[PDB]
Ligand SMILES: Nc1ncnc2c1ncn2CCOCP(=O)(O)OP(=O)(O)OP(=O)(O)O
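Read the single chain below, which is given as structure tokens and is the form deposited without this ligand.
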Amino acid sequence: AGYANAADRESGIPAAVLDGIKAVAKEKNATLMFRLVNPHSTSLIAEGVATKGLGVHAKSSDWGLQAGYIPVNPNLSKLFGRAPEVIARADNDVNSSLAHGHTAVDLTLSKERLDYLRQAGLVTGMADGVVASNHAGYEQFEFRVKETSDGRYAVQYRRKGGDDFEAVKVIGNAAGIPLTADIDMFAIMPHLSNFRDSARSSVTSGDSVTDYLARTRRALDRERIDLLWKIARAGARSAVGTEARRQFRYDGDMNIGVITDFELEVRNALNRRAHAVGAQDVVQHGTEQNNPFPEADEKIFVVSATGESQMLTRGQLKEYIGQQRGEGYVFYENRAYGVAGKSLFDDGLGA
């Protein structure tokens, strides 16, 4: 479909990418929840700018022709009027990423991102060439663009009165593709039936309880009820990924964080639909439910297992989760919420 409602459009997620997300939600029978995507990242993701991983600490920029990108020069990031300590740590964040596979690429914008920037007011006009902006940074720096033979525009800048323009360098892919923000998943609520096989592979060897017994037993039933509890335990444990979450998972040399097997599947299935459209991988790590520095980001974009989407305050989010749990969808919450007095649960909550 591409965007069906106001929430879809407020999510910041590119329409084609969002279309795959809804398909994956239905195929894997799981509710997918996301933190909103910054609207300056939307177009970049859609035209194929790469997405950053957990290891990139450098700050993104929210202004100028570099909006949406992650500048090598921190003074070009959202950190523009900050103290010297700040820009100093940010400097290290940048060199750290470059030492670990990331590239420093010359920024060149597509014709379309250039139109978006101007239509959004990020760039208030130009010289055909010389750009203007009421952002405060345009008071310390000058920028201009130059069409390449590629049909793109190379971004150049200089410090007010430092006689020579130079390329705005931006952090990229180990393959040299510029990076923008990734899509942060807030939570993934899988239907419990997704774990029958997982459970049987653990307790049987993939067999139903009945077939396992027929095959290894002979001609109450205490053993049977005991195997049934064994499959219940195994399914619940795989549903919340008890063992998977004791370690970190990696994609090649990239730390993808703490993520359950099922959540990895989702990540992979979504990235897959993204390639199919013209995007790079868009989900680069696990869910906010395993983030040790949890945010209190007040609106969550939710796509149900049925494909319906909407935005929830988190008060509505508690009710939504309760309702979905009644339909057999599993939820486990960030382990720090209880202590922060921010639990999404209303049960006992302890041993």
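Throughout, we count residues from 1 along the sequence that is shown.
Separately, the form solved in complex with this ligand exists; it is not shown, and the next lines address it.
Asker: At 2.4 angstroms from backbone or C-beta atoms, do at least 3 atoms of this ligand clash after superposing the site C-alphas onto the pose in the deposited complex, making the site blocked, or is it open?
Answerer: In the deposited complex, this ligand occupies a site that, on this form, remains open once the ligand is superposed onto it.
Asker: Residue-level contact is defined here as any heavy atom of the residue lying within 4.5 Å of this ligand in the deposited complex; does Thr287 satisfy this criterion?
Answerer: Looking in the deposited complex, residue contacts with this ligand include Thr287, since a heavy atom lies within 4.5 Å.
Asker: With a 4.5 Å heavy atom cut-off, would you call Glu295 a contact of this ligand in the deposited complex?
Answerer: Yes, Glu295 is a contact residue.
Asker: Taking this ligand as it sits in the deposited complex, is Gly257 near enough to touch it, meaning that at least one heavy atom pair lies within 4.5 angstroms?
Answerer: Flag for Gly257 set to yes.
Asker: Hey, in the deposited complex, is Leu54 touching this ligand, heavy atoms inside 4.5 Å?
Answerer: Although this ligand is absent here, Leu54 would touch it in the deposited complex, with heavy atoms inside 4.5 Å.
Asker: This ligand isn't shown here, but in the deposited complex, which of 300-308, 278-286, 25-33, 320-328 has heavy atoms within 4.5 Å of it?
Answerer: That would be 278-286.
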